[PDB]
Each structure stands twice: as structure tokens, then as C-alpha cells.
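*Asks:* Sequence plus experimental coordinates follow:
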Amino acid sequence: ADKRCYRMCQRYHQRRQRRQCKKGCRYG
């Protein structure tokens with residue numbers, strides 16, 4: 001589960017970075 005990464009990306013000041021952070025932090 002990548003719930004941790006998600007939460008970390010949620011607290012992103014920049015949206016472009018927030019979304020990219022989550023979508024980028026996939027399971028692979």
C-alpha cells in the first residue's frame with residue numbers, strides 16, 4: 001500500500017507537484 005506517499009503528496013503547496021507526486025508514486 002502506498003498510502004504513506006499519497007498523504008505526503010497531499011500536503012503539497014503546488015498542485016502541479018501534488019498530482020505528479022501521487023501519480024508518480026505508483027506501485028510499479
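*Replies:* Noted; the coordinates are in hand. Residues are numbered from 1 along each chain as shown.

*Asks:* Could you tell me which residues within stretch 5-15 count as buried?
*Replies:* residue 9 (16 or more other Cβ atoms under 10 Å). (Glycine included, C-beta is placed from N, CA and C.)

*Asks:* what's the span of it, first residue to last?
*Replies:* 15 Å (Cα to Cα, to the nearest Å).

*Asks:* Stretch 3-20 now?
*Replies:* First residue to last in stretch 3-20 (Cα to Cα) measures 15 Å.

*Asks:* Over to stretch 10-28?
*Replies:* OK, stretch 10-28 end separation, Cα to Cα: 20 Å.

*Asks:* Check this protein and tell me which residue is nearest its centre.
*Replies:* residue 22 (2.5 Å; Cα atoms, centre = their mean).

*Asks:* OK, contacts around it?
*Replies:* 5, 6, 9, 10 (Cβ atoms under 8 Å, 6 or more residues apart in numbering).

*Asks:* what would those residues look like in a markdown table with secondary structure?
*Replies:* Converted to a markdown table, these look like this (DSSP: H, G, I helix; E, B strand; the rest coil):
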| residue | secondary structure |
| --- | --- |
| 5 | helix |
| 6 | helix |
| 9 | helix |
| 10 | helix |
